[PDB]
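upload-v8.txt follows (compact mmCIF, C-alpha atoms and all ligand atoms):
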```
# COMPACT_ATOMS: atom_id res chain seq x y z
CA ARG A 143 -24.33 145.43 216.75
CA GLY A 144 -22.07 148.29 215.50
CA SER A 145 -18.30 148.26 214.93
CA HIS A 146 -16.78 146.99 218.21
CA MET A 147 -16.82 143.13 218.71
CA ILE A 148 -18.20 141.45 221.92
CA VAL A 149 -15.24 140.24 224.12
CA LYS A 150 -15.97 137.95 227.16
CA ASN A 151 -12.89 136.95 229.29
CA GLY A 152 -12.67 133.10 229.51
CA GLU A 153 -14.48 132.33 226.18
CA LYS A 154 -12.89 130.26 223.31
CA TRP A 155 -12.86 130.61 219.44
CA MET A 156 -12.46 127.81 216.80
CA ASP A 157 -11.52 125.32 219.64
CA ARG A 158 -8.04 127.08 219.65
CA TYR A 159 -7.79 130.64 221.08
CA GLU A 160 -8.57 131.04 224.85
CA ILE A 161 -9.29 134.76 225.61
CA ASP A 162 -7.55 135.59 228.94
CA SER A 163 -8.08 139.42 228.75
CA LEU A 164 -8.19 142.63 226.67
CA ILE A 165 -4.70 144.13 226.42
CA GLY A 166 -5.44 147.28 224.40
CA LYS A 167 -7.63 149.40 222.15
CA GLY A 168 -7.50 152.17 219.54
CA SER A 169 -9.56 153.51 216.61
CA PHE A 170 -8.80 150.28 214.60
CA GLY A 171 -10.54 147.95 217.11
CA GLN A 172 -9.03 146.04 220.07
CA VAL A 173 -6.19 143.68 221.07
CA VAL A 174 -6.86 140.54 223.16
CA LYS A 175 -4.34 138.29 224.93
CA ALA A 176 -5.37 134.70 224.03
CA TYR A 177 -3.72 131.27 224.50
CA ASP A 178 -3.25 129.39 221.19
CA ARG A 179 -3.97 125.78 222.42
CA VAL A 180 -2.66 124.36 219.05
CA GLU A 181 1.06 125.47 219.19
CA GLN A 182 0.94 126.18 223.01
CA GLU A 183 1.90 129.92 223.07
CA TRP A 184 0.32 133.25 224.08
CA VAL A 185 -0.65 135.54 221.15
CA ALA A 186 -1.97 139.11 220.82
CA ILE A 187 -4.96 139.22 218.41
CA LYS A 188 -5.68 142.66 216.89
CA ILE A 189 -9.48 142.62 216.25
CA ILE A 190 -10.37 145.06 213.46
CA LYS A 191 -13.72 146.94 213.64
CA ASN A 192 -16.27 145.86 210.97
CA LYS A 193 -16.26 149.33 209.22
CA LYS A 194 -14.72 149.67 205.65
CA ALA A 195 -12.25 152.49 206.71
CA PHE A 196 -10.54 150.19 209.31
CA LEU A 197 -10.87 146.96 207.23
CA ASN A 198 -9.10 148.92 204.40
CA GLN A 199 -6.26 150.15 206.73
CA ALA A 200 -5.81 146.61 208.21
CA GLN A 201 -5.64 145.14 204.65
CA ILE A 202 -2.68 147.48 203.88
CA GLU A 203 -1.18 146.54 207.30
CA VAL A 204 -1.39 142.81 206.27
CA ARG A 205 0.21 143.39 202.80
CA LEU A 206 3.16 145.44 204.28
CA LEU A 207 3.78 142.97 207.20
CA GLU A 208 3.63 140.03 204.70
CA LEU A 209 6.08 141.89 202.34
CA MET A 210 8.58 142.41 205.24
CA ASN A 211 8.42 138.64 206.09
CA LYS A 212 9.81 137.70 202.59
CA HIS A 213 13.32 139.15 203.48
CA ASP A 214 16.14 137.09 205.14
CA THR A 215 17.93 139.67 207.39
CA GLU A 216 18.21 139.98 211.22
CA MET A 217 16.87 143.64 210.93
CA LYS A 218 13.24 142.52 210.19
CA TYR A 219 13.12 141.27 213.84
CA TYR A 220 12.65 144.97 214.98
CA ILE A 221 9.10 144.70 213.45
CA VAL A 222 6.26 142.79 215.21
CA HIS A 223 5.83 139.32 213.56
CA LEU A 224 2.35 138.68 212.03
CA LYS A 225 1.75 134.89 212.55
CA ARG A 226 -1.49 134.61 210.47
CA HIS A 227 -4.80 136.45 209.78
CA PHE A 228 -8.39 135.11 209.52
CA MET A 229 -12.04 136.33 209.53
CA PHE A 230 -14.22 135.37 212.57
CA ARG A 231 -17.68 136.62 213.76
CA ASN A 232 -17.40 139.04 210.72
CA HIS A 233 -14.13 140.80 211.81
CA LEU A 234 -10.61 140.73 210.36
CA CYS A 235 -8.33 139.29 213.14
CA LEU A 236 -4.49 139.68 212.96
CA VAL A 237 -2.60 137.22 215.18
CA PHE A 238 0.67 138.67 216.49
CA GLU A 239 3.47 137.41 218.72
CA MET A 240 2.77 138.48 222.33
CA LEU A 241 5.14 141.30 223.47
CA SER A 242 5.23 143.38 226.70
CA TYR A 243 4.16 147.01 227.32
CA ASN A 244 4.90 150.14 225.29
CA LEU A 245 7.55 152.84 225.90
CA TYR A 246 4.91 155.30 227.26
CA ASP A 247 4.08 152.74 230.04
CA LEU A 248 7.87 152.39 230.69
CA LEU A 249 8.03 156.23 231.15
CA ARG A 250 4.98 155.99 233.47
CA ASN A 251 6.91 153.40 235.67
CA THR A 252 9.75 155.97 236.11
CA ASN A 253 7.05 158.59 237.09
CA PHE A 254 8.04 160.50 233.84
CA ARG A 255 11.61 161.16 235.12
CA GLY A 256 12.97 159.38 231.99
CA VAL A 257 15.12 156.29 231.38
CA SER A 258 18.95 156.36 231.54
CA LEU A 259 21.00 157.63 228.58
CA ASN A 260 22.32 154.01 228.32
CA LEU A 261 18.76 152.66 227.75
CA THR A 262 17.93 155.63 225.40
CA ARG A 263 21.02 154.63 223.29
CA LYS A 264 19.86 150.96 223.15
CA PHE A 265 16.32 152.00 221.98
CA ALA A 266 17.84 154.55 219.52
CA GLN A 267 20.13 151.88 217.98
CA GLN A 268 17.14 149.48 217.54
CA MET A 269 14.82 152.23 216.14
CA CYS A 270 17.56 153.34 213.67
CA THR A 271 18.10 149.67 212.45
CA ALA A 272 14.30 149.27 212.13
CA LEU A 273 14.18 152.48 210.01
CA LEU A 274 17.16 151.30 207.89
CA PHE A 275 15.14 148.07 207.22
CA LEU A 276 11.98 150.02 206.25
CA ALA A 277 14.14 152.05 203.80
CA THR A 278 15.25 148.94 201.81
CA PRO A 279 14.26 150.09 198.25
CA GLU A 280 11.93 147.01 197.81
CA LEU A 281 9.95 148.14 200.97
CA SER A 282 10.30 152.01 201.10
CA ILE A 283 7.65 151.93 203.90
CA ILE A 284 6.84 155.17 205.77
CA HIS A 285 5.35 154.15 209.17
CA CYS A 286 3.66 157.63 209.56
CA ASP A 287 2.57 156.95 213.20
CA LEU A 288 5.79 156.53 215.28
CA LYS A 289 5.16 157.39 218.96
CA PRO A 290 6.05 155.80 222.31
CA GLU A 291 2.72 153.80 222.30
CA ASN A 292 3.68 152.02 219.00
CA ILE A 293 7.10 150.87 220.33
CA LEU A 294 6.80 147.70 222.53
CA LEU A 295 9.28 145.91 224.82
CA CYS A 296 9.56 142.19 223.83
CA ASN A 297 10.02 141.37 227.54
CA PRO A 298 9.39 143.44 230.70
CA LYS A 299 13.00 143.28 232.07
CA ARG A 300 15.02 143.29 228.80
CA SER A 301 15.88 146.21 226.44
CA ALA A 302 14.81 144.58 223.07
CA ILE A 303 11.96 146.55 221.33
CA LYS A 304 9.68 146.18 218.29
CA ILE A 305 7.57 148.56 216.19
CA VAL A 306 3.82 147.76 215.80
CA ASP A 307 0.83 149.29 213.93
CA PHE A 308 1.18 149.78 210.10
CA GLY A 309 -2.52 150.77 209.78
CA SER A 310 -1.68 154.34 208.59
CA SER A 311 1.59 153.40 206.77
CA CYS A 312 2.19 153.88 202.97
CA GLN A 313 5.03 153.43 200.46
CA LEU A 314 7.31 156.24 199.14
CA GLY A 315 5.35 158.55 196.74
CA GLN A 316 1.84 157.71 198.09
CA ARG A 317 -0.57 160.36 199.51
CA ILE A 318 -3.54 158.43 201.05
CA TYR A 319 -4.54 160.08 204.35
CA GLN A 320 -5.43 163.74 204.87
CA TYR A 321 -3.67 164.03 208.22
CA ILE A 322 -0.76 161.78 209.17
CA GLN A 323 1.62 161.43 212.20
CA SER A 324 0.58 161.83 215.86
CA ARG A 325 0.69 165.65 216.46
CA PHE A 326 3.63 165.66 219.03
CA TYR A 327 5.79 163.60 216.57
CA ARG A 328 4.64 165.32 213.31
CA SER A 329 7.47 166.53 211.01
CA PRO A 330 7.51 170.18 209.73
CA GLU A 331 7.07 169.06 206.06
CA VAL A 332 3.69 167.47 207.05
CA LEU A 333 2.61 170.60 209.07
CA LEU A 334 3.58 172.74 206.00
CA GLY A 335 1.65 170.50 203.53
CA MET A 336 4.82 169.62 201.60
CA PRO A 337 5.58 166.24 199.92
CA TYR A 338 6.85 163.68 202.51
CA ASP A 339 9.28 160.77 202.31
CA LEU A 340 10.97 158.32 204.76
CA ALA A 341 12.64 161.34 206.56
CA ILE A 342 9.34 162.00 208.46
CA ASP A 343 9.94 158.79 210.57
CA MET A 344 13.45 160.07 211.52
CA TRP A 345 11.91 163.39 212.73
CA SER A 346 9.53 161.29 214.92
CA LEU A 347 12.45 159.17 216.25
CA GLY A 348 14.36 162.34 217.33
CA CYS A 349 11.28 163.59 219.29
CA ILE A 350 10.68 160.11 220.85
CA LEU A 351 14.33 159.81 222.10
CA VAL A 352 14.37 163.22 223.85
CA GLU A 353 11.05 162.32 225.56
CA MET A 354 12.33 158.83 226.58
CA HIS A 355 15.29 160.51 228.41
CA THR A 356 13.59 163.66 229.88
CA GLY A 357 10.19 161.99 230.54
CA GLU A 358 8.15 164.68 228.69
CA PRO A 359 7.22 165.48 225.08
CA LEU A 360 9.76 167.81 223.37
CA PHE A 361 6.95 169.52 221.31
CA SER A 362 3.55 169.11 223.11
CA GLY A 363 1.37 171.09 220.64
CA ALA A 364 -2.39 171.27 221.51
CA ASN A 365 -3.14 172.06 217.79
CA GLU A 366 -1.12 172.49 214.53
CA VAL A 367 -0.31 176.26 215.18
CA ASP A 368 0.84 175.49 218.76
CA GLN A 369 2.88 172.45 217.46
CA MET A 370 4.67 174.69 214.90
CA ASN A 371 5.23 177.44 217.53
CA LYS A 372 6.71 174.83 219.97
CA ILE A 373 9.10 173.53 217.25
CA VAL A 374 10.11 177.19 216.39
CA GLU A 375 10.93 177.94 220.10
CA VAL A 376 13.61 175.22 219.92
CA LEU A 377 14.80 175.22 216.25
CA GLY A 378 14.13 178.83 215.04
CA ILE A 379 12.26 179.99 211.86
CA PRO A 380 12.58 177.34 209.10
CA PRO A 381 14.77 178.18 206.10
CA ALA A 382 13.34 180.57 203.42
CA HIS A 383 13.89 177.96 200.64
CA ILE A 384 11.40 175.63 202.49
CA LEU A 385 8.80 178.26 203.38
CA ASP A 386 8.93 179.63 199.73
CA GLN A 387 7.69 176.15 198.45
CA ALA A 388 5.31 175.22 201.36
CA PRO A 389 1.54 175.25 200.63
CA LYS A 390 0.60 175.97 204.34
CA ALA A 391 3.46 178.47 205.13
CA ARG A 392 0.93 181.35 205.71
CA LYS A 393 -0.87 179.27 208.41
CA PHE A 394 2.20 179.86 210.73
CA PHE A 395 4.55 182.49 209.13
CA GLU A 396 4.54 185.84 207.18
CA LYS A 397 7.03 186.78 204.39
CA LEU A 398 8.34 190.38 204.99
CA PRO A 399 9.13 192.95 202.22
CA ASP A 400 12.90 192.09 202.35
CA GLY A 401 11.93 188.37 201.76
CA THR A 402 12.71 187.00 205.28
CA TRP A 403 10.01 185.04 207.17
CA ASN A 404 8.89 185.38 210.80
CA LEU A 405 5.97 184.08 212.91
CA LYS A 406 2.29 185.13 212.58
CA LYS A 407 0.79 186.64 215.80
CA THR A 408 -1.44 184.11 217.59
CA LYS A 409 -5.10 185.36 217.44
CA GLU A 414 2.93 183.61 224.41
CA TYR A 415 6.08 181.82 223.10
CA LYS A 416 9.81 182.09 223.85
CA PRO A 417 11.61 183.88 220.99
CA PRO A 418 12.58 181.70 217.97
CA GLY A 419 15.50 179.29 218.63
CA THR A 420 15.96 180.37 222.33
CA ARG A 421 14.55 177.17 224.01
CA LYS A 422 17.91 175.40 223.40
CA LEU A 423 18.04 171.54 223.25
CA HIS A 424 21.44 171.90 225.10
CA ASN A 425 19.40 173.12 228.19
CA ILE A 426 16.38 170.74 227.74
CA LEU A 427 18.83 167.77 227.95
CA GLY A 428 20.93 169.63 230.62
CA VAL A 429 24.20 168.78 228.76
CA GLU A 430 26.39 170.80 231.24
CA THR A 431 23.92 170.79 234.25
CA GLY A 432 23.55 167.05 235.24
CA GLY A 433 20.92 165.95 232.65
CA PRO A 434 17.14 166.68 232.71
CA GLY A 435 16.19 168.69 235.87
CA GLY A 436 19.76 167.98 237.14
CA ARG A 437 18.61 164.42 238.06
CA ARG A 438 21.58 162.53 236.43
CA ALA A 439 24.36 164.63 238.19
CA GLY A 440 27.32 162.42 239.26
CA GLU A 441 25.58 159.18 237.98
CA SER A 442 27.74 157.02 235.64
CA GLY A 443 26.77 156.93 231.92
CA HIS A 444 25.74 160.65 232.03
CA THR A 445 28.95 162.64 231.21
CA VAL A 446 28.99 166.02 229.35
CA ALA A 447 30.77 164.12 226.46
CA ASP A 448 27.97 161.45 226.28
CA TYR A 449 25.32 164.26 226.37
CA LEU A 450 27.11 166.28 223.60
CA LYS A 451 26.92 163.26 221.15
CA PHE A 452 23.27 162.59 222.08
CA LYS A 453 22.37 166.32 221.52
CA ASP A 454 24.32 166.37 218.18
CA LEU A 455 22.59 163.20 216.90
CA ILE A 456 19.11 164.54 217.90
CA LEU A 457 19.61 167.87 216.04
CA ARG A 458 20.68 165.92 212.87
CA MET A 459 17.33 163.97 213.21
CA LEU A 460 15.39 167.28 213.73
CA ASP A 461 16.87 169.04 210.66
CA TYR A 462 14.11 171.22 209.02
CA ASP A 463 15.40 170.18 205.55
CA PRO A 464 14.26 166.59 204.80
CA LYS A 465 16.98 166.35 202.04
CA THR A 466 19.83 166.97 204.58
CA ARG A 467 18.11 165.31 207.62
CA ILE A 468 20.26 162.32 208.77
CA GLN A 469 19.32 158.89 207.26
CA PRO A 470 19.32 155.59 209.21
CA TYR A 471 22.61 154.19 207.76
CA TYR A 472 24.53 157.41 208.78
CA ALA A 473 22.73 157.67 212.19
CA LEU A 474 24.03 154.15 213.04
CA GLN A 475 27.62 155.44 212.32
CA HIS A 476 27.23 158.40 214.76
CA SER A 477 29.78 158.56 217.60
CA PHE A 478 26.75 158.34 220.02
CA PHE A 479 26.70 154.59 219.21
CA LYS A 480 30.54 154.00 219.23
CA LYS A 481 31.30 150.63 221.02
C1 LIG B 1 0.97 143.13 224.77
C2 LIG B 1 0.96 143.28 223.30
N1 LIG B 1 1.62 142.51 222.47
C3 LIG B 1 1.31 143.01 221.21
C4 LIG B 1 1.72 142.63 219.95
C5 LIG B 1 1.24 143.34 218.90
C6 LIG B 1 0.35 144.41 219.10
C7 LIG B 1 -0.14 145.24 217.98
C8 LIG B 1 0.28 144.99 216.69
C9 LIG B 1 -0.14 145.83 215.66
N2 LIG B 1 0.25 145.61 214.42
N3 LIG B 1 -0.92 146.90 215.87
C10 LIG B 1 -1.32 147.16 217.11
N4 LIG B 1 -2.09 148.20 217.27
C11 LIG B 1 -0.93 146.36 218.21
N5 LIG B 1 -0.03 144.79 220.34
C12 LIG B 1 0.45 144.08 221.34
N6 LIG B 1 0.26 144.28 222.66
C13 LIG B 1 -0.65 145.23 223.30
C14 LIG B 1 -0.15 146.64 223.52
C15 LIG B 1 0.88 146.71 224.62
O1 LIG B 1 0.34 147.32 222.33
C16 LIG B 1 -0.52 148.18 221.69
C17 LIG B 1 -0.03 149.02 220.71
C18 LIG B 1 -0.89 149.89 220.05
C19 LIG B 1 -2.23 149.92 220.36
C20 LIG B 1 -2.71 149.07 221.33
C21 LIG B 1 -1.87 148.20 222.00
CL CL B 2 -4.35 174.75 214.44
```

Translate this structure into structure tokens?
Amino acid sequence: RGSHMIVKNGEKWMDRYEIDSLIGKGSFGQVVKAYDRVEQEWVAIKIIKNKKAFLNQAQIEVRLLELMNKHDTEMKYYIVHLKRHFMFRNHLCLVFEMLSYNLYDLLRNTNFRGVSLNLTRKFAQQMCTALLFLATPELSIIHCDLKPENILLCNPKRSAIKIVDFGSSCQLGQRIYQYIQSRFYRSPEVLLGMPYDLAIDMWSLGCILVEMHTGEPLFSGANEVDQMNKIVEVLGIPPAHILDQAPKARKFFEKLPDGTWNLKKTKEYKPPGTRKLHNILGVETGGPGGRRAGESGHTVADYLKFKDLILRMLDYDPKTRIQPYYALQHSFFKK
């Protein structure tokens, strides 16, 4: 009865899958850990709700994951592997490889003090390769929901990660969903109602990486106006050439007589561009909250490269925003 399937720990499906537990949920449905008695391995089964909206999203998810599996390249291994799909008890079921917990849960283990710059660089290098892969012309996939919860550790002690959840993804040129991106990771072009391309995922990556190192969201907007005000505190008023073409410019900004833009009044924020990323990362002051002072792997030089790469990912202009190939060449990654 209704959308959400009946899940009893210890039960068995198709004399194959042995349901140990429920390992997650979201608007799409639920994920169960089950033992596949046939080829003797644990799997994560994403159970889709029996509503058209979610069936339709999952069907796109299946097409895009099946498209990625056609390519011979080591880079595709930064995306969760879809083993097979089938219908069961009137529900689409997507069988995935079993991974470990997400990057939010990793931050929770550190009590939101953040992981080391050295771990941040390993995640960044994997996320940038994953994005390079999604930008292969034949794929041109925009994930449109990058956040710490959709990045999973393969293994609880190792650094290897994968991206999951292509339910709200599309290909370059498509406009399907009214609202896209999780609010904290939502690019300015999407807030402004402007056309979006693969650059929106790079914006999200920049936000994710700062949060992974400091332990808190860079831009924790409670609504769209608060999101845009929080981005403006750090990066200043967006360029006139963007605001002149943006359908939703007047939701956040006013054009003055002289033709310069500034913020609408609210009905309290630090002045535009004064909440410097240099101070949020603590480049010269021992890292976030001073907690990495002395500690190896946390030099002013290491922090300067990190800061510089992040600001290239958080460029307001999606045409000049850094692209995955060029991000992988950044001195931040130099071996
Ligand atoms: C432990 C584990 N292995 C997994 C392997 C794959 C997936 C998964 C794959 C796809 N395409 N979409 C989703 N929403 C999950 N989820 C796994 N999970 C559960 C949790 C940790 O991830 C979650 C991530 C997001 C939501 C809920 C759980
Ligand atoms: Cl709003």

Distance filter 7 Å around ligand CL 2 (chain B), atoms: all atoms listed in the file, out as a list in words: residues 365, 366, 367 and 368 of chain A

Distance query 12 Å from (15.2, 147.6, 204.0) using all atoms listed in the file, result as number ranges by chain: A: 209-221, 270-284, 340, 470-471

Separation of atom CA of residue A:206 from atom CA of residue A:311 in Å: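 A separation of 8.5 Å between them.
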
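Closest to ligand LIG 1 (chain B) among A:344, A:293, A:161, A:460 is A:293, based on all atoms listed in the file.
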
Site check for ligand LIG 1 (chain B): residues at most 7 Å away, all atoms listed in the file, as JSON, numbers by chain: {"A": [165, 166, 167, 168, 173, 186, 188, 222, 238, 239, 240, 241, 242, 243, 244, 291, 292, 294, 306, 307, 308]}

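Checking A:376, A:302, A:261, A:426 one by one against residue A:356, counting all atoms listed in the file, you find the shortest gap at A:426.
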
Two-atom distance - atom CA of residue A:314, atom CA of residue A:339 (Å):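 Atom CA of residue A:314 sits 5.9 Å away from atom CA of residue A:339.
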
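Closest approach to residue A:364 from the set A:150, A:325, A:416, A:393 is made by A:325, with distances taken over all atoms listed in the file.
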
Computed interatomic separation between atom CA of residue A:400 and atom CA of residue A:333 (Å): 24.8 Å

Minimum-distance residue to residue A:418, chosen among A:347, A:370, A:360, A:388 (using all atoms listed in the file):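 Under the stated criterion, the closest residue is A:370.
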
Best match for closeness to residue A:328 among A:462, A:443, A:254, A:427, counting only C-alpha atoms: A:462

Stretch 179-184 of chain A surroundings by all atoms listed in the file, 6 Å radius, close-in-sequence under 2 positions cut, as a VMD selection string: chain A and resid 158 176 to 177

Take the residues just selected and output them with C-alpha atoms as a PDB file, in the frame of the given file.
```pdb
ATOM      1  CA  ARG A 158      -8.040 127.080 219.650  1.00  0.00           C
ATOM      2  CA  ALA A 176      -5.370 134.700 224.030  1.00  0.00           C
ATOM      3  CA  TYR A 177      -3.720 131.270 224.500  1.00  0.00           C
TER       4      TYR A 177
END
```
